[PDB]
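Asks: Below is one structure. I have some questions about it.
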Amino acid sequence: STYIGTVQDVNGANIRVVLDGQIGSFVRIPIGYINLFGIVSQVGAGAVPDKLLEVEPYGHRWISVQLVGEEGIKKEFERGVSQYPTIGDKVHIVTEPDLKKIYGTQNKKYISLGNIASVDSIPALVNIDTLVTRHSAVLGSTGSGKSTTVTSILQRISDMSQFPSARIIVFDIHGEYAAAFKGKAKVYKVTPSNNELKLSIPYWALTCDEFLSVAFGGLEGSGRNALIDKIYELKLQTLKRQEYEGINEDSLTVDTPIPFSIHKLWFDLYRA
Amino acid sequence: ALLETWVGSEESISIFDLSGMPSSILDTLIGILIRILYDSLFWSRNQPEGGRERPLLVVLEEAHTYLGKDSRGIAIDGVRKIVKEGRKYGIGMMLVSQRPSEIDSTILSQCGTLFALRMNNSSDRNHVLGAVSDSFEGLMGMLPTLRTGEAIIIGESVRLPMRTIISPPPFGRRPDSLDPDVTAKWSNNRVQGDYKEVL
Amino acid sequence: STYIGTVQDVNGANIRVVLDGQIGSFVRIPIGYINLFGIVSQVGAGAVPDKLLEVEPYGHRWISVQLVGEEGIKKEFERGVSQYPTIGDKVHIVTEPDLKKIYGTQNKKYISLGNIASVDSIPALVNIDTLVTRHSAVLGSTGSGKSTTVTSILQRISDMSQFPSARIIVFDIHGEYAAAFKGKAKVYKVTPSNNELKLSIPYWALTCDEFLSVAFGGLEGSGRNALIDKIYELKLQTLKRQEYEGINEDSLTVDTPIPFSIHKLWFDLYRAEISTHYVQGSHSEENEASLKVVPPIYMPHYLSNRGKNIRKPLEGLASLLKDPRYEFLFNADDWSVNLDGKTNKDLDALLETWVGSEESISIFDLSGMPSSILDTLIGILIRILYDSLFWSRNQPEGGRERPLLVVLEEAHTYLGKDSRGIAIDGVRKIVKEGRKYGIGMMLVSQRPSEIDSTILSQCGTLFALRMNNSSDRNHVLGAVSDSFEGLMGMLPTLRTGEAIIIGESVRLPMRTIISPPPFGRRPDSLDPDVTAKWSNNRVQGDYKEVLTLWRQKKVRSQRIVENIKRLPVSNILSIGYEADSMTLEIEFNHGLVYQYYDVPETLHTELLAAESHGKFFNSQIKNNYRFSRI
Amino acid sequence: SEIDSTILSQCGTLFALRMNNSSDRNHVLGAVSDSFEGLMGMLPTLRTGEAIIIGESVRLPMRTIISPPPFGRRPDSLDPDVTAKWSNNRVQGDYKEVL
Amino acid sequence: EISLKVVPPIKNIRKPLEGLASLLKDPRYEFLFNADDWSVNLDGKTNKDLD
Ligand SMILES: Nc1ncnc2c1ncn2[C@@H]1O[C@H](COP(=O)(O)OP(=O)(O)OP(O)(O)=S)[C@@H](O)[C@H]1O
Ligand SMILES: Nc1ncnc2c1ncn2[C@@H]1O[C@H](COP(=O)(O)OP(=O)(O)OP(O)(O)=S)[C@@H](O)[C@H]1O
Ligand SMILES: [Mg+2]
Ligand SMILES: [Mg+2]
């Protein structure tokens, strides 16, 4: 069989089992008909109770374990605890079928993005409905391999067998992803290439503030009150000289993505 | 047609390469693209093209420079609105950065799930521990000693936190930046110089 | 008789027991004639005394004696004990009848919500006056009960057979509670639905300071004093034209709720800022050379001498009146104010509708609110409710004779320790001066640490769902009136739904399993489903429309059909059709109604004769036509 | 626990009643030199009305049961009653005056 | 710097002055500015003495 030890303490959730057990490995605790799964926290002198070493200063065989969830009556793994364990109970190791049970899921919203540390055959199912709706963030050191873990995920999301209608945008500042997606993406950049289109961001698709923030460096006096007057005038004429549905002489604002000629702005404003 | 290329192409993923940008304005553009992608999806949440029928996902590299705790840029304003109202219109987001402690703490906490790769300096680890909710005491004292690509995922996107090992992309599909190779570019015999053209 | 162990040694407080038992479970100790019920969180390995460990260190069966309350003289259970245990006495497990008496009561004051963990048959009796007069809070992790719990309490308190005059209000930023209350609640949202009203907050019912905090960003100059001067004349002028009872020119104030036309404000203020002056130095309007926002053209220009440095807010304000996203505040539908400042109705209907509806609950879903000014409006709504019941506390409709219960969802973003918003400046008052007017409060937040401590100190009782992180457990435990060590140690492992109630609204802190509401009556949020939306095949998009709407700031395509009739039948409820324009309208559960276009009506007949709906609708309609959902 | 300890010490005699939370039971102990286990070990199980007196104004400290005052002379705040005012049948109101 | 007064209508501590005026008009503070017997007239005499 597989035996670790016995529970020699209880505090509701925090438990301190004594052996006769890896730092991250789970622990299984049957109680009659349902089992409690737990997480190790520390090892050695960190798990010893406050008042034991006085008589046995060098008795170090203690481990601290924590409780995460509980398995129902052949139904599923439900978080929490139906009935907490007590002193002098049994303990068992988490074996291969159990890992499937705890981590398994029959729902179809989950997708496999990796393998757990202990057993390599376990898919690392992570919800995608949640990963795209709540939010996500990748953090780490510099050489820890972020962009490689942002492609091994961002490449499994847009698969063409399950998600033929996916949709994604990327912002790479060093240009290190275009090499990964050879025939799966539409790479954009400033310098054209043979099969890469050239990023183009029309200057008239911008609000008044943002255009004033990239072009004129930020004006605050009457200059800011003169440029706005001109842009409005230009977007007035383009409406008279060409037809755009819906936009009228009143619904038109300074910040509607309507085309205006920047060169005419500088030339006419500067020439005057 | 412009939008059709960014979002409506026949290939799913778009990739915007900004390494050529004049970096004095690199921040404002990140706040320009997010605004256009957000308004276009937000204002057409009925039609079959909006974010309610094809949910979006914006991934941002090196987010610690534009999401500073006291940054005065325009990107942080955009990254806050999508962090706040995106759940209604299905516009998620992914954040990448190697300096967590420089990220604003009011934006880093509103991210449901976190990938926790290696972290050594204690000004970050003590700051990541300040935003993750289901924080175990056995799997979060393990941050600085992970392997490369041995991420830890904690949040509600998983039933419970897991210490996964992401599968690397197939060889030849990896991300590779193209920087000049000094050892291979300095070691060759000197060639006759023609500096007339350089002027 | 369940014998386990007996006492054999004494160490002052540690009373040592040799054995021959759940953690948060009571123990019974009879002493002659009076029974002692209480908690002993120290037993076994965690209780063996340090003095004796030298003898037997490898054994753990030892208990201690410290109680909570004593059984009276066959009367009832009260906290405290007349006498403390002694030598020789033995501890017995509690029995179901004892649970009935300890948690039972003969008072009709209490109400039942959930059940005790041990035996489900027991009811979970919770006071109501203290649950509405002493305020309270709800706390726990993100995935625990949380909202599924708040609805059950409001769905039990607001029963008509037992409380036929209840009165409460709910703030739900995600708008996830309107689903549970199918037709028993009012629900106001910015963009209406088939049978829902408009959450219109008339701007003329705001204090001047709050008005300048939503429309001008906090002007802090001489111009700020120009607006106050300008608004006063409008508010003063409307009084002289229309008589109002009890206020005249003398006792008029800048902050009293008299309607005024903002359109006149911006137009007169904006026009008197820039215009040609026929005669130099003349500020008269006769020297210059309205239902719609259209301004008349002005000739080129000297400039008016009556102006200031408020050009940016004044032009920025004009924009706030254009976009439809703020239509609720500035274009209150039935409270829209014409140019002369005379609207159709007054706040009577607003108050009569918010709190005076024939049905008990009212709901304000704020998902449609722009998150920039979400905090500012939260404070505004609180002020209106408190003040209205303040100066009318003797009347027969106020809060004294019909107390209120304002519920706030997701509060941790609004009561921050360093938060400088107006919400906390409004929430503090009710927690302080709301006791003697009967204005309650229920706080919800998934992360208590950020909540201001003084606010969390003054709440009467606390609901404690599961809480994972250690940083927050320590903060919430620091504002507990009556805490148990055996009960609060299992806070990070509570299963979903069941909560722990602590405070003055119950006799004892108890671990209750709140009854889940009926299936189909739950708080559900209808957010887009990626897995069901990304998996379907591609569809050639027509972006020429997406651009057009994005330009027009509209949300409905110009090809919609409005006057179609429907006939009742995954769970398809109603199906429409129209051969004139080849439009097929369908309706599903949760009120979702689409409009598929250019579909042959042969399928319409086939579906009616298909008698196989659900499994057959996806056969030839799921992704085969262009639909403009509504 | 929140009160300033600077002003607490100068007080001569202190009456202490039922104290449940462990956080505050420690602070009160710090303002009394007579650290007696029996006096304060029984603090968290004191019945309503009970008290323990410590200070110079009392010759010897011990627990006493204060006799409650007679009915008709008893503190009670006249806060509105929720269940009594919600239980009564709903009555049509007129907000023309409340406004 | 410039009805109950006979005159017909025509330092940076102004906003205190308006805030000061709020207390005067409010009936809820009349216990302090408008004491039942202790209000001070322009002549300066009070109907009673603090003794
Ligand atoms: N998922 C992975 N699995 C195995 N090795 C990886 C993985 N990701 C990155 N690496 C390894 O790291 C090297 C790839 O280049 P790196 O610079 O180390 O990664 P990187 O993602 O480009 O770094 P950053 O700063 O996080 S973008 C190789 O030695 C990889 O084997
Ligand atoms: N008593 C219960 N028994 C079984 N399942 C429950 C119970 N209560 C809640 N749940 C389930 O757990 C889910 C958790 O979702 P919610 O109850 O809405 O919690 P929540 O996400 O914190 O609420 P907010 O206010 O939107 S953060 C629920 O949708 C249920 O499926
Ligand atoms: Mg990198
Ligand atoms: Mg909820």
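Quick note: the coordinates plus some simple rules give every number you see, no bench work behind them. Heads up, the Cβs are rebuilt from the backbone with ideal geometry, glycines too, and the neighbour counts pull from every protein chain shown.
Asks: What are the residues in the stretch C:521-535 that are in contact with a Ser or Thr (Cβ under 6 Å, 6 or more places away or on another chain) and either more than 8 Å from chain B (Cβ to nearest Cβ) or within 16 Å of ligand 3 (Cβ to nearest atom) (or both), if any?
Replies: C:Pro523
Asks: Being of a type in the set (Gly, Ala, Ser) and more than 14 Å from chain D (Cβ to nearest Cβ) narrows it down to one of C:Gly399, C:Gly416, so name that one.
Replies: Working: C:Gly399 fails: more than 14 Å from chain D (Cβ to nearest Cβ).
Sole residue among the options that is of a type in the set (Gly, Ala, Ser) and more than 14 Å from chain D (Cβ to nearest Cβ): C:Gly416.
Asks: Return yes when B:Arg190 is basic (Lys, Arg), assigned to a loop (DSSP other than H, G, I, E, B) and either within 16 Å of ligand 4 (Cβ to nearest atom) or over 20 Å from the mean Cα position of the chain (by Cα) (or both) and no when it is not.
Replies: So B:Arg190 fits the description; yes.
Asks: Can you name the residue in the stretch B:143-199 that is touching a helix residue (DSSP H, G or I) at 6+ places or on another chain (Cβ under 9 Å) and of a type in the set (A, V, I, L, M) and is also farthest from A:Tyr103 (Cα to Cα) among such residues?
Replies: Among them, the one singled out is B:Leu143.
Asks: With respect to B:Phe136, is the statement that it is among the aromatic types (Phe, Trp, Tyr), under 24 Å from A:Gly145 (Cβ atoms) and not in a loop (DSSP other than H, G, I, E, B) true?
Replies: no
Asks: Restricting to the stretch B:152-184, name every residue that is closer than 25 Å to A:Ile128 by Cβ and within 16 Å of ligand 3 (Cβ to nearest atom).
Replies: B:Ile166, B:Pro168, B:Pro169, B:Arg174, B:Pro175 - these are the residues of the stretch B:152-184 that are closer than 25 Å to A:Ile128 by Cβ and within 16 Å of ligand 3 (Cβ to nearest atom).
Asks: For the stretch B:137-168, enumerate the residues that are crowded, with 21+ Cβ neighbours inside 10 Å and at positive phi.
Replies: Residue satisfying the conditions is B:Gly155 alone.
Asks: I'd like the full set of residues that are under 32 Å from the mean Cα position of the chain (by Cα) and surrounded by fewer than 17 Cβ atoms within 10 Å (Cβ to Cβ), limited to the stretch C:518-549.
Replies: C:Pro518, C:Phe519, C:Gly520, C:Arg521, C:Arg522, C:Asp524, C:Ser525, C:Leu526, C:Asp529, C:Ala532
Asks: Continuing with the same structure: On the given criteria, is C:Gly44 within 10 Å of another protein chain (Cβ to nearest Cβ) and either closer than 29 Å to A:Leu52 by Cα or in contact with a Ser or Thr (Cβ under 9 Å, 6 or more places away or on another chain) (or both)?
Replies: yes
Asks: Just wondering, is there one or more residues in the stretch C:299-319 that are aromatic (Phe, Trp, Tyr) and more than 28 Å from C:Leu389 (Cβ to Cβ)?
Replies: Quick first cut of the stretch C:299-319, residues aromatic (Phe, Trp, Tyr) only: C:302.
Subset that is more than 28 Å from C:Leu389 (Cβ to Cβ): C:302.
Scanning the stretch C:299-319 turns up at least one residue that is aromatic (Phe, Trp, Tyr) and more than 28 Å from C:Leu389 (Cβ to Cβ).
Asks: Among the helices (runs of 4 or more DSSP H) lying completely within the stretch B:1-93, list those that include at least 1 residues that are out of contact with any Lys or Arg (no Cβ under 9 Å at 6 or more places or on another chain) and among the hydroxyl-bearing types (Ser, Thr, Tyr).
Replies: B:26-42
Asks: Can you name the residue in the stretch A:91-124 that is surrounded by fewer than 23 Cβ atoms within 10 Å (Cβ to Cβ) and within 16 Å of ligand 1 (Cβ to nearest atom) and is also farthest from the chain's Cα centre (by Cα) among such residues?
Replies: A:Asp120
Asks: Next question, about the same structure. Any residue in the stretch C:447-467 that is part of a loop (DSSP other than H, G, I, E, B), over 30 Å from A:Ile39 (Cβ atoms) and over 20 Å from the mean Cα position of the chain (by Cα)?
Replies: no
Asks: Inspect the stretch C:367-381 for any residue being surrounded by fewer than 22 Cβ atoms within 10 Å (Cβ to Cβ) and under 30 Å from D:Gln92 (Cβ atoms) and give the result as yes or no.
Replies: yes
Asks: Right, A:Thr149: in contact with a strand residue (DSSP E or B) (Cβ under 8 Å, 6 or more places away or on another chain), within 16 Å of ligand 3 (Cβ to nearest atom) and β-branched (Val, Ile, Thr) or not?
Replies: In short, yes.
Asks: If I ask for residues that are within 14 Å of chain A (Cβ to nearest Cβ), within 16 Å of C:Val138 (Cβ to Cβ) and over 21 Å from the mean Cα position of the chain (by Cα), which ones from the stretch C:478-511 would you list?
Replies: C:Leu491, C:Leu494, C:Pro509, C:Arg511 - these are the residues of the stretch C:478-511 that are within 14 Å of chain A (Cβ to nearest Cβ), within 16 Å of C:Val138 (Cβ to Cβ) and over 21 Å from the mean Cα position of the chain (by Cα).
Asks: Could you tell me which of the residues B:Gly31, B:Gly50, B:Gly68, B:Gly78 is more than 10 Å from chain A (Cβ to nearest Cβ), buried (at least 18 other Cβ atoms within 10 Å of the Cβ) and within 16 Å of the chain's Cα centre (by Cα)?
Replies: B:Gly78
Asks: Still on this model: Is one or more of the residues making up the stretch C:164-176 among the hydrophobic types (A, V, I, L, M, F, W, C), within 16 Å of ligand 4 (Cβ to nearest atom) and either within 14 Å of another protein chain (Cβ to nearest Cβ) or part of a loop (DSSP other than H, G, I, E, B) (or both)?
Replies: Yes; the residues of the stretch C:164-176 include at least one that is among the hydrophobic types (A, V, I, L, M, F, W, C), within 16 Å of ligand 4 (Cβ to nearest atom) and either within 14 Å of another protein chain (Cβ to nearest Cβ) or part of a loop (DSSP other than H, G, I, E, B) (or both).
Asks: Given the stretch A:197-272, what helices (runs of 4 or more DSSP H) lie entirely inside it while holding 1 or more residues that are within 12 Å of chain C (Cβ to nearest Cβ) and among the small types (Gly, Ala, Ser)?
Replies: A:222-241
Asks: For the stretch A:132-162, name all the residues that are within 16 Å of ligand 2 (Cβ to nearest atom) and either touching a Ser or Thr at 6+ places or on another chain (Cβ under 8 Å) or within 17 Å of B:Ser167 (Cβ to Cβ) (or both).
Replies: If the condition is that a residue be within 16 Å of ligand 2 (Cβ to nearest atom) and either touching a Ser or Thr at 6+ places or on another chain (Cβ under 8 Å) or within 17 Å of B:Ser167 (Cβ to Cβ) (or both), then A:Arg134, A:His135 are the ones that fit.
Asks: In the stretch A:125-143, what count of residues is obtained for those that are farther than 15 Å from B:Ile152 by Cα and either within 16 Å of ligand 1 (Cβ to nearest atom) or of a type in the set (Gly, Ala, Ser) (or both)?
Replies: Qualifying residue count, the stretch A:125-143: 2.
Asks: Out of all the residues in the stretch B:125-161, which are more than 10 Å from chain A (Cβ to nearest Cβ) and of a type in the set (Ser, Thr, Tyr)?
Replies: B:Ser133, B:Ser135, B:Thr145, listed by residue number.
Asks: Mind listing whichever residues of the stretch C:586-603 are within 12 Å of C:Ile621 (Cβ to Cβ) and either buried (at least 18 other Cβ atoms within 10 Å of the Cβ) or of a type in the set (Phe, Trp, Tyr) (or both)?
Replies: C:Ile586, C:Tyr594, C:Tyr596, C:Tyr597, C:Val599, C:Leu603
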